[PDB]
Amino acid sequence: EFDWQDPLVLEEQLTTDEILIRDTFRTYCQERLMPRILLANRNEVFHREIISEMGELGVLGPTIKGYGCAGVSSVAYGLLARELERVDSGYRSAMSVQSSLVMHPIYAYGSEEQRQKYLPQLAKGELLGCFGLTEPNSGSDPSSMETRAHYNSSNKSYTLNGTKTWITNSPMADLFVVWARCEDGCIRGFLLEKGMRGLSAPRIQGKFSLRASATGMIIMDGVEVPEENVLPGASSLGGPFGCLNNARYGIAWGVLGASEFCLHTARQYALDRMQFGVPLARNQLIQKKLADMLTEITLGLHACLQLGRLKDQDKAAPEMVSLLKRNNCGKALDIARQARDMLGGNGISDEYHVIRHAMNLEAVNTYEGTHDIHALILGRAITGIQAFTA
């Protein structure tokens, strides 16, 4: 009766459509993505085609209704993220950005003109987007951003000056969703396009996490943005923070995919690998580790399902997402690390993949809110007292 691959029977909680979506995508991930990841991660190569392929599959911005989007459930989105990360976090990162940080904001805060113009191309993967929020001196604290947008009443345009750093996709992006503080004090979102004079996106080197993902900066040297390129629905941090919650939800699901991959790899290895005349799996010390991995993965999976259902009922609060994002990323990191220890020397070889996941989850536990920041977010909600600053 017990199936270690699905202890609490998540399967019977999914709809036929969700199950169908998951399996279909899984096939694509295993057939087209797994075979390119080894060298991609080793030589820091991101295949632009990947976005086009996922575009044809209609996986980009799946929860969006209309504009060429699937219009599927939040749970389906979570299931998609899990299958992508089961392969690699870098790949899932590229998809999170396109879906939740680029398409979503244009959909929720954009004008109908902007939706009509960008969504269809983004959905089909014709345009690669990026989300510019973080800056050299503004990470956990967005109120410290220095990127400014000055209004030109005569030209009915804005002039942007600033630097965004650690931006996923920027080096090969076509559309840039940038957040800058305005003269009125409010921070707004601007749509920039490659080619605009004064806009640069150099690549960041020396990464030892999310190597199969393109990461760069966004340097704006007096970039002039037409008024029509401004997002009319966002005013102050609420716009970005809102988008952030959608990306974080996808992340809470995704890391479970990476964990499951690590669990499966460690398990099979423990059964195949022999020392002292028996398989490693025969040892108590080894079995306890496997039990811990399965336990944490399971608790996170069913919690994510619940959040996904609440989300579709418009009953999901940002704190809920922080709770699972923080929990799953932290737990996922520990799992990948244990798995690495379990494969011994072979574990430091990327040929065995676990080392790649352990490295990748390092970055995942940091971006979209650090583990400690999310704790403080929960702390504020629990006590009603803010403790970020002094």
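Counting begins at 1, following the sequence as shown.
- In this entry, the higher average B-factor at the C-alpha atoms falls on 178-186, of the pair 273-281 and 178-186.
- For the segment pair 317-325 and 39-47, the entry gives 39-47 the higher mean B-factor, averaged over Cα atoms.
- Highest CA B-factor among 142, 216, 300, 222, as stated in the entry: 142.
- If you compare the C-alpha temperature factors of 91, 208, 151, 249 in the entry, 151 comes out highest.
- Residue-level temperature factors show residue 30 in the highest third of its chain, judged at the C-alpha atom.
- When the modelled residues of the chain are ordered by their C-alpha B factor, residue 125 lands in the middle third.
- In the PDB entry, residue 20 places in the highest third of its chain by CA B-factor.
- In the deposited entry, the Cα temperature factor of residue 170 places it in the lowest third of its chain's modelled residues.
- When the modelled residues of the chain are ordered by C-alpha B-factor, residue 107 sits in the highest third.
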